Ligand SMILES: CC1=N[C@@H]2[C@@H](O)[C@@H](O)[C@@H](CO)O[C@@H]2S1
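One chain is shown next in structure tokens, namely the form deposited without this ligand.
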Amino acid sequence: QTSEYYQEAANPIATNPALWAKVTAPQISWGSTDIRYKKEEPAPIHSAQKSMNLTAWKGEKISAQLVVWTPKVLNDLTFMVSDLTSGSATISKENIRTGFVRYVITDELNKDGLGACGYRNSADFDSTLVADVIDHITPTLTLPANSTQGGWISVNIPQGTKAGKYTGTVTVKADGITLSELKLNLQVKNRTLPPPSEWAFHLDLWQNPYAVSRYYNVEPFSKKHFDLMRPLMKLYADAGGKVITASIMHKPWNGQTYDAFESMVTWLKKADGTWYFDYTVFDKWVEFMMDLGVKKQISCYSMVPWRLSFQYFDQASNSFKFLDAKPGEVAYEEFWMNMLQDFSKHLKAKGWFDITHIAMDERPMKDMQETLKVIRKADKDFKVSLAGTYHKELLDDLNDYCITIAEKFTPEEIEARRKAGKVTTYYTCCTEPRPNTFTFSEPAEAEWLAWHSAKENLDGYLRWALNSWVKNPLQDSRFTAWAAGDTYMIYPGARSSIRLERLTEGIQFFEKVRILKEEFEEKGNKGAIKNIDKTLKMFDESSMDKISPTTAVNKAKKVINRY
């Protein structure tokens, strides 16, 4: 707890005392989970809102944000929430989680506003502090004069909760005494959301265990490392996480993240022409993630790193060597068949073969086909995955196909993949200015991603970096490439973000849309299916100028919750 306490970076923007002149005393108000409140300016809240009305299903996790802003020092600010009660029924406060919404340095899109890819020097972009970290650890914070602070509240509504109107009190305190109370009303609906383990939504946020061992300076795959990773990775499992990331060779992504991915497999070329392969790391990591509930799929990276230089341990010289070899070459085929055939046997002995995918990447088409030929030569039943662009010739060969937000599968193609038991999703990355999960992206954008999956009749959503932390991820989210926040969505101390929380809200609403449509399909209610479908039409990547992501998300959540 205490060794996770931390200080934010200095604000790049000076506090203008003139902006604070109207603020006569500390103010405490409900705000919005759509808003990242600036630290150095008063909250844009015309006058304090004392009551919050929420609506939800049994089983659902729902958020609210309160905001505190003060013209004077407030020592040891805290807040807490009572039990919520409703006649004889009560939602216990143990189901309620609180956090300070803390500030990380962020930058901006590329200067043209049209994307966020490319190498960056920090001097070439703006820098500001933005509210994003959900700090559920630090019990109190002392606010200086002329500052604002958000507070996040998560209600994890139990499955067994009786339907009705619950009420509770949020108490906000500083230097020992109660500054304000806020009222919280929750209309719990007579419908039930399954727990995260039962969500259909295929969420894949690639995990970097090496970032955690580096940041805490512990030996990789030690008990300490796993202990630190447990609640952290649990954030992804609790969001519906379906896929385990596995690095089966040295640097699948050429060390593009602050922490490179090392191999979870020993590749030992013995001096007698034989090979020893050992999966002890891989197996420990997989079993760990599976114990956490992430067990749908394992994705293995990469046969196709950008530099096409493949490490092995060379016994004869007792050193690491590199094989330079490319898809379409005999040396590449021989090197990878040798490993994959061993790996196949290993997976089959572990009983993980049916779920293990060898991951392709977006490359010139002749090279992608050459890689797939090697995979099937190694084992004809290896499953294969790709996150990239639409390629009609690969549709049948890819068990997991994640497409750029820019391109669409046809209804029939989606249907054939669903009937075949395959997985079909989309991704955003540094390309899209919006919707996205940069640290400056509007909070609602992250929820919009899940709704968009529902509009497109896709299974899920993928993004390339759950936790590939930069050097000081709590303080500063910028990196030497891409817009800030592109490399992680969760923080040290197993701390969530506004981004992951809003994404997880959208995922929940995606499950609600599946549930409701199932019901209306069995009940034959055609009018409701048309109305849900019409609502989903707002989630189009070209509608965002006409209907903002925030407006879309809010309209859609209200429509769904009436049913």
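Numbers follow the displayed sequence, beginning with 1. Under this definition, the rigid core comprises the largest set of C-alpha atoms superposing within 1.5 Å between the forms. Residues that one form lacks are left out of the comparison.
There is another form of the same protein, the form deposited with this ligand bound; it is not shown, and what comes next is about it.
For this ligand-free form, the site is classified open because this ligand, superimposed from its arrangement in the deposited complex, keeps every atom beyond 2.4 Å of the backbone and C-beta atoms. None of 161 to 169, 271 to 279, 222 to 230, 482 to 490 except one has non-hydrogen atoms within 4.5 angstroms of this ligand in the deposited complex; the exception is 482 to 490.
A residue is said to contact a partner when one of its heavy atoms sits within 4.5 Å of a partner heavy atom; residue 256 meets this definition for this ligand in the deposited complex. Mapping the unseen interface onto this chain, residue 206 counts among the residues with a heavy atom inside 4.5 Å of this ligand in the deposited complex. In the deposited complex, none of the heavy atoms of residue 216 sits within 4.5 Å of a heavy atom of this ligand. This ligand is not shown here, and in the deposited complex it never comes within 4.5 Å of any heavy atom of residue 283. With respect to this ligand in the deposited complex, the three residues 361, 387 and 464 uniformly fall within 4.5 angstroms at the level of their nearest heavy atom. Contact annotation: of the candidates 353, 427, 335, 288, the single residue with a non-hydrogen atom within 4.5 angstroms of this ligand in the deposited complex is 427. Fit the rigid core and compare the CA positions between this form and the one not shown: of 432, 361, 379, 370, just 361 moves by 2 angstroms or more. Under a 2 Å criterion for C-alpha shift, the lone consecutive stretch of 3+ residues that differs between this form and the one not shown after core superposition lies at 360 to 364.
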